[PDB]
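Visitor: My structure is in coords04.cif, and what it holds is mmCIF, C-alpha atoms:
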data_final
loop_
_atom_site.label_atom_id
_atom_site.label_comp_id
_atom_site.auth_asym_id
_atom_site.auth_seq_id
_atom_site.Cartn_x
_atom_site.Cartn_y
_atom_site.Cartn_z
CA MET A 1 -103.03 -163.11 -23.32
CA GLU A 2 -105.61 -160.40 -22.39
CA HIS A 3 -107.86 -161.51 -19.56
CA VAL A 4 -111.35 -161.30 -21.03
CA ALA A 5 -114.14 -163.81 -20.77
CA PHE A 6 -116.40 -165.00 -23.63
CA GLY A 7 -120.00 -163.88 -22.79
CA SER A 8 -118.83 -161.15 -20.43
CA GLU A 9 -121.76 -158.59 -20.01
CA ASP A 10 -119.36 -155.66 -20.10
CA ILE A 11 -117.27 -156.92 -23.04
CA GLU A 12 -117.74 -154.01 -25.47
CA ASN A 13 -116.20 -151.85 -22.85
CA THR A 14 -113.07 -153.85 -22.28
CA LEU A 15 -112.47 -154.25 -25.97
CA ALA A 16 -112.93 -150.53 -26.59
CA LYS A 17 -109.43 -150.16 -25.34
CA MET A 18 -107.69 -152.78 -27.56
CA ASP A 19 -105.51 -152.08 -30.58
CA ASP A 20 -105.13 -154.95 -33.13
CA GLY A 21 -102.07 -156.36 -31.43
CA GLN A 22 -103.97 -156.65 -28.12
CA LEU A 23 -106.99 -158.20 -29.85
CA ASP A 24 -104.64 -160.84 -31.05
CA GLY A 25 -104.27 -161.73 -27.31
CA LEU A 26 -107.82 -162.99 -26.67
CA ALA A 27 -108.85 -166.47 -25.74
CA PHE A 28 -111.47 -166.38 -28.46
CA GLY A 29 -112.32 -165.28 -31.91
CA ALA A 30 -113.00 -161.51 -32.43
CA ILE A 31 -114.34 -159.70 -35.42
CA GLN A 32 -115.39 -156.05 -35.77
CA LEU A 33 -117.92 -155.38 -38.41
CA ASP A 34 -119.24 -152.20 -39.92
CA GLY A 35 -123.08 -151.66 -40.45
CA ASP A 36 -122.56 -153.01 -43.97
CA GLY A 37 -120.82 -156.16 -42.85
CA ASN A 38 -117.31 -155.19 -43.95
CA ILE A 39 -114.38 -156.43 -41.80
CA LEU A 40 -112.77 -153.78 -39.68
CA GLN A 41 -110.84 -155.93 -37.39
CA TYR A 42 -110.12 -159.60 -37.21
CA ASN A 43 -108.05 -161.52 -34.74
CA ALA A 44 -105.61 -164.39 -34.60
CA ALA A 45 -107.93 -166.67 -32.76
CA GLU A 46 -110.51 -166.42 -35.56
CA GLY A 47 -107.71 -167.21 -38.12
CA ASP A 48 -106.92 -170.16 -35.94
CA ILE A 49 -110.49 -171.40 -35.91
CA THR A 50 -111.22 -170.79 -39.58
CA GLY A 51 -108.06 -170.92 -41.50
CA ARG A 52 -108.24 -167.38 -42.93
CA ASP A 53 -105.34 -165.05 -42.98
CA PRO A 54 -106.47 -162.07 -40.92
CA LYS A 55 -104.56 -159.34 -42.53
CA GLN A 56 -106.00 -160.38 -45.90
CA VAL A 57 -109.62 -160.61 -44.81
CA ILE A 58 -109.73 -157.03 -43.52
CA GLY A 59 -111.92 -155.01 -45.83
CA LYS A 60 -113.83 -157.83 -47.42
CA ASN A 61 -117.48 -158.32 -46.71
CA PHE A 62 -118.15 -161.02 -44.04
CA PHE A 63 -121.52 -162.09 -45.47
CA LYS A 64 -120.93 -161.65 -49.26
CA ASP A 65 -117.25 -162.73 -49.83
CA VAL A 66 -115.69 -164.34 -46.71
CA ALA A 67 -118.38 -166.24 -44.77
CA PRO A 68 -121.36 -166.84 -47.07
CA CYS A 69 -122.54 -169.69 -44.92
CA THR A 70 -123.55 -167.09 -42.43
CA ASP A 71 -125.78 -165.47 -45.15
CA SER A 72 -128.85 -166.91 -43.55
CA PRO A 73 -131.82 -165.65 -41.43
CA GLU A 74 -130.37 -167.40 -38.33
CA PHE A 75 -127.08 -165.41 -38.67
CA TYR A 76 -126.92 -162.60 -41.26
CA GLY A 77 -130.56 -161.82 -40.74
CA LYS A 78 -130.08 -161.48 -37.01
CA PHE A 79 -127.24 -159.11 -37.78
CA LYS A 80 -129.19 -156.79 -40.06
CA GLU A 81 -132.14 -156.39 -37.64
CA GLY A 82 -129.64 -155.33 -35.01
CA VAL A 83 -128.02 -152.67 -37.28
CA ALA A 84 -131.52 -151.56 -38.30
CA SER A 85 -132.64 -151.33 -34.56
CA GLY A 86 -129.38 -149.90 -33.12
CA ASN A 87 -129.20 -152.76 -30.70
CA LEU A 88 -127.94 -156.26 -30.79
CA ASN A 89 -127.00 -158.83 -28.21
CA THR A 90 -127.37 -162.45 -29.31
CA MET A 91 -125.60 -165.76 -28.73
CA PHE A 92 -126.02 -169.03 -30.60
CA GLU A 93 -124.37 -172.17 -31.84
CA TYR A 94 -123.47 -172.56 -35.40
CA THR A 95 -121.50 -174.74 -37.82
CA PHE A 96 -118.81 -173.21 -40.05
CA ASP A 97 -118.53 -175.11 -43.35
CA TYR A 98 -117.27 -172.99 -46.22
CA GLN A 99 -114.09 -174.39 -47.77
CA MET A 100 -113.04 -175.99 -44.34
CA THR A 101 -113.75 -178.99 -42.13
CA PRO A 102 -117.13 -178.39 -40.60
CA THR A 103 -116.29 -176.74 -37.23
CA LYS A 104 -118.98 -176.40 -34.61
CA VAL A 105 -118.83 -172.93 -32.92
CA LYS A 106 -120.45 -170.74 -30.38
CA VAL A 107 -121.13 -167.20 -31.47
CA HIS A 108 -121.87 -164.04 -29.68
CA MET A 109 -122.84 -160.80 -31.54
CA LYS A 110 -122.82 -157.55 -29.74
CA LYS A 111 -123.05 -153.97 -30.80
CA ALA A 112 -119.99 -151.81 -30.05
CA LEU A 113 -119.68 -148.83 -27.84
CA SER A 114 -118.14 -146.83 -30.65
CA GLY A 115 -120.69 -145.36 -33.10
CA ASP A 116 -121.81 -147.91 -35.73
CA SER A 117 -119.71 -151.04 -35.49
CA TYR A 118 -120.53 -154.54 -34.32
CA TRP A 119 -118.62 -157.39 -32.76
CA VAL A 120 -118.70 -161.02 -33.67
CA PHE A 121 -117.14 -163.31 -31.12
CA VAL A 122 -116.37 -166.98 -31.71
CA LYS A 123 -115.31 -170.04 -29.65
CA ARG A 124 -115.17 -173.85 -30.21
CA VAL A 125 -117.83 -176.11 -28.70
#
Would you mind writing the file's structure down as structure tokens?

Guide:
Amino acid sequence: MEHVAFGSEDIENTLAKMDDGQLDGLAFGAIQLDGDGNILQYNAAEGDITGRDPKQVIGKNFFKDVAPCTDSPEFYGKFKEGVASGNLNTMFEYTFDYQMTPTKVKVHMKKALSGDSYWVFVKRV
């Protein structure tokens, strides 16, 4: 288990070093998204929270295909302003209900260090 804390101000930096194996070590859910919302990375914790088989979700669109319940102004819309601005750092509660028991979560979005990618982090509440 990689020692990283959910909400950590420096988190994009710590994660810059992690391969997919190491990402599967975190205490929370981790997704890396492209500017278009396609899934670059996806860890074992998020699988665990949502049910989804990670390896299979890589390459799909988060907002169109996989998580259409986030296709809202409170979630997706927040995302696309952030890609449009080149800056994004937001944290909110949210309920995940697509083809699953409704699961209340806490979500943090942050823009990556690397060029044009974006992190979605997830934990139970």

Visitor: Please write as an NGL selection string the full residue list that the PyMOL selection byres ((chain A and resi 119) around 9) yields on this file.

Guide: :A and (12 or 30-34 or 108-112 or 117-118 or 120-121)

Visitor: Would you save the residues of that selection, restricted to C-alpha atoms, as a PDB file, keeping the file's coordinate frame?

Guide:
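Once written, result05.pdb looks like this:
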ATOM      1  CA  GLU A  12    -117.740-154.010 -25.470  1.00  0.00           C
ATOM      2  CA  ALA A  30    -113.000-161.510 -32.430  1.00  0.00           C
ATOM      3  CA  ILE A  31    -114.340-159.700 -35.420  1.00  0.00           C
ATOM      4  CA  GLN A  32    -115.390-156.050 -35.770  1.00  0.00           C
ATOM      5  CA  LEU A  33    -117.920-155.380 -38.410  1.00  0.00           C
ATOM      6  CA  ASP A  34    -119.240-152.200 -39.920  1.00  0.00           C
ATOM      7  CA  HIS A 108    -121.870-164.040 -29.680  1.00  0.00           C
ATOM      8  CA  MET A 109    -122.840-160.800 -31.540  1.00  0.00           C
ATOM      9  CA  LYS A 110    -122.820-157.550 -29.740  1.00  0.00           C
ATOM     10  CA  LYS A 111    -123.050-153.970 -30.800  1.00  0.00           C
ATOM     11  CA  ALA A 112    -119.990-151.810 -30.050  1.00  0.00           C
ATOM     12  CA  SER A 117    -119.710-151.040 -35.490  1.00  0.00           C
ATOM     13  CA  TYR A 118    -120.530-154.540 -34.320  1.00  0.00           C
ATOM     14  CA  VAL A 120    -118.700-161.020 -33.670  1.00  0.00           C
ATOM     15  CA  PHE A 121    -117.140-163.310 -31.120  1.00  0.00           C
TER      16      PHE A 121
END

Visitor: Taking only C-alpha atoms into account, which of A:35, A:68, A:86, A:47 comes nearest residue 99 of chain A?

Guide: A:68

Visitor: Which is closest to residue 41 of chain A among A:115, A:82, A:54, A:7, if we use only C-alpha atoms?

Guide: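 Answer, going by the shortest atom-to-atom distance: A:54.
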
Visitor: Draw an axis-aligned box over all listed atoms of segment 57-60 of chain A, pad each side with 3 Å, and write its centre and edge lengths in Å, one decimal, as JSON.

Guide:
{"center_x": -111.7, "center_y": -157.8, "center_z": -45.5, "size_x": 10.2, "size_y": 11.6, "size_z": 9.9}

Visitor: What's around residue 2 of chain A at 10 Å? Count all atoms listed in the file, leave out sequence neighbours fewer than 4 positions away in its own chain, and write the answer as a ChimeraX atom specification.

Guide: /A:14-15,18,22-27

Visitor: To one decimal in Å, tell me the separation between atom CA of residue 55 of chain A and atom CA of residue 116 of chain A.

Guide: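 These two atoms are separated by 21.8 Å.
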
Visitor: With all atoms listed in the file as the atoms that count, which of A:21, A:37, A:29, A:102 lies nearest to residue 71 of chain A?

Guide: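 The shortest atom-to-atom distance to residue 71 of chain A comes from A:37.
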
Visitor: With only C-alpha atoms as the atoms that count, which of A:60, A:77, A:6, A:50 lies nearest to residue 106 of chain A?

Guide: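 Among A:60, A:77, A:6, A:50, it is A:6 that comes nearest to residue 106 of chain A.
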
Visitor: Which one is closest to residue 123 of chain A: A:70, A:92, A:97, A:16? Count all atoms listed in the file.

Guide: A:92

Visitor: So, with only C-alpha atoms as the atoms that count, which of A:79, A:11, A:67, A:38 lies closest to residue 51 of chain A?

Guide: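 Between A:79, A:11, A:67, A:38, the residue approaching residue 51 of chain A most closely is A:67.
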
Visitor: Atom CA of residue 53 of chain A and atom CA of residue 39 of chain A are how many Å apart?

Guide: 12.5 Å

Visitor: Rounded to one decimal in Å, what is the spacing between atom CA of residue 124 of chain A and atom CA of residue 105 of chain A?

Guide: 4.6 Å

Visitor: Could you tell me which residues the PyMOL selection byres ((chain A and resi 74) around 12) returns for this structure, as a PyMOL selection string?

Guide: chain A and resi 69-73+75-81+90-95+107

Visitor: Kindly reconstruct segment 31-51 of chain A with N, CA, C and O atoms and present the result as a compact mmCIF listing (two decimals), keeping the file's coordinate frame.

Guide:
# COMPACT_ATOMS: atom_id res chain seq x y z
N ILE A 31 -114.18 -160.44 -34.22
CA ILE A 31 -114.34 -159.70 -35.42
C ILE A 31 -115.10 -158.43 -35.14
O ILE A 31 -116.14 -158.48 -34.54
N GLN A 32 -114.62 -157.32 -35.71
CA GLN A 32 -115.39 -156.05 -35.77
C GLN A 32 -115.89 -155.77 -37.13
O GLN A 32 -115.10 -155.61 -38.10
N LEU A 33 -117.21 -155.65 -37.19
CA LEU A 33 -117.92 -155.38 -38.41
C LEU A 33 -118.53 -154.01 -38.46
O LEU A 33 -119.02 -153.45 -37.45
N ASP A 34 -118.47 -153.41 -39.64
CA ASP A 34 -119.24 -152.20 -39.92
C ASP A 34 -120.78 -152.48 -40.17
O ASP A 34 -121.19 -153.67 -40.17
N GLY A 35 -121.62 -151.44 -40.37
CA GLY A 35 -123.08 -151.66 -40.45
C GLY A 35 -123.42 -152.43 -41.72
O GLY A 35 -124.43 -153.19 -41.81
N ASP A 36 -122.49 -152.29 -42.68
CA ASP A 36 -122.56 -153.01 -43.97
C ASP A 36 -122.02 -154.46 -44.03
O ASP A 36 -122.22 -155.15 -45.04
N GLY A 37 -121.41 -154.92 -42.95
CA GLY A 37 -120.82 -156.16 -42.85
C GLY A 37 -119.38 -156.28 -43.30
O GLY A 37 -118.85 -157.38 -43.42
N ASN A 38 -118.73 -155.16 -43.56
CA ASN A 38 -117.31 -155.19 -43.95
C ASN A 38 -116.40 -155.38 -42.73
O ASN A 38 -116.69 -154.90 -41.63
N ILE A 39 -115.27 -156.07 -42.93
CA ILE A 39 -114.38 -156.43 -41.80
C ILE A 39 -113.45 -155.30 -41.44
O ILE A 39 -112.58 -154.90 -42.22
N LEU A 40 -113.67 -154.75 -40.25
CA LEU A 40 -112.77 -153.78 -39.68
C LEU A 40 -111.58 -154.31 -38.92
O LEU A 40 -110.46 -153.72 -38.93
N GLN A 41 -111.83 -155.34 -38.22
CA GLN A 41 -110.84 -155.93 -37.39
C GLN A 41 -111.14 -157.39 -37.44
O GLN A 41 -112.20 -157.76 -37.87
N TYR A 42 -110.14 -158.19 -37.06
CA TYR A 42 -110.12 -159.60 -37.21
C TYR A 42 -108.89 -160.14 -36.51
O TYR A 42 -107.71 -159.98 -37.00
N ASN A 43 -109.14 -160.89 -35.44
CA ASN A 43 -108.05 -161.52 -34.74
C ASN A 43 -107.62 -163.00 -35.06
O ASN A 43 -108.27 -163.79 -35.83
N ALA A 44 -106.48 -163.26 -34.43
CA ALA A 44 -105.61 -164.39 -34.60
C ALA A 44 -106.24 -165.68 -34.19
O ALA A 44 -106.04 -166.70 -34.89
N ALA A 45 -107.04 -165.62 -33.12
CA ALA A 45 -107.93 -166.67 -32.76
C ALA A 45 -108.93 -167.03 -33.87
O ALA A 45 -109.16 -168.18 -34.05
N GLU A 46 -109.52 -166.09 -34.57
CA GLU A 46 -110.51 -166.42 -35.56
C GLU A 46 -109.81 -167.13 -36.78
O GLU A 46 -110.35 -168.04 -37.37
N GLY A 47 -108.60 -166.64 -37.09
CA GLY A 47 -107.71 -167.21 -38.12
C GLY A 47 -107.51 -168.67 -37.79
O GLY A 47 -107.69 -169.55 -38.63
N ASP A 48 -107.21 -168.89 -36.51
CA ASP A 48 -106.92 -170.16 -35.94
C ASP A 48 -108.06 -171.17 -36.00
O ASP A 48 -107.85 -172.36 -36.25
N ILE A 49 -109.27 -170.64 -35.82
CA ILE A 49 -110.49 -171.40 -35.91
C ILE A 49 -110.84 -171.71 -37.33
O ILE A 49 -111.27 -172.81 -37.62
N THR A 50 -110.73 -170.70 -38.18
CA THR A 50 -111.22 -170.79 -39.58
C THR A 50 -110.26 -171.01 -40.67
O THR A 50 -110.69 -171.35 -41.78
N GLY A 51 -109.01 -170.72 -40.44
CA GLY A 51 -108.06 -170.92 -41.50
C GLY A 51 -107.58 -169.72 -42.23
O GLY A 51 -106.50 -169.80 -42.83
